[PDB]
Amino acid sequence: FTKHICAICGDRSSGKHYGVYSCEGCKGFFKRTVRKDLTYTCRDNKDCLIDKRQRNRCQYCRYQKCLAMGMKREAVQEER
């Protein structure tokens, strides 16, 4: 079931992931970012629009928005 919306990009959501209502895309993205301790950089103004269509344009801005909406790095477990 996906009755709520993603706080980061506005796509559909099953509910909270890492503390925030998010879609499978934003969940996966935050998980991988944290697991591999990735660092991104914005080529524009560090204010890129994050919606379903544009969410992959800028990883840096997608990641800042994950944090801004409440996703917590501590909620990502170690790899099994």
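Position 1 is the first residue in the sequence shown; the rest follow in order. So that the term is clear: the rigid core is the largest set of C-alpha atoms that superpose within 1.5 Å between two forms.
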property: RMS Cα shift after core superposition in 7 other deposited structures of this protein, winner of 59 to 67 and 8 to 16; result: 8 to 16
property: Farther-lying stretch by C-alpha RMS in 7 other deposited structures of this protein (rigid core fit) among 19 to 27, 68 to 76; result: 68 to 76
property: Residue stretch of maximal mean CA temperature factor, 7 to 15 vs 68 to 76; result: 68 to 76
property: Third of chain Cα B-factors occupied by residue 54; result: lowest
property: Entry-reported Cα temperature factor of residue 26, expressed as the chain third it lands in; result: lowest
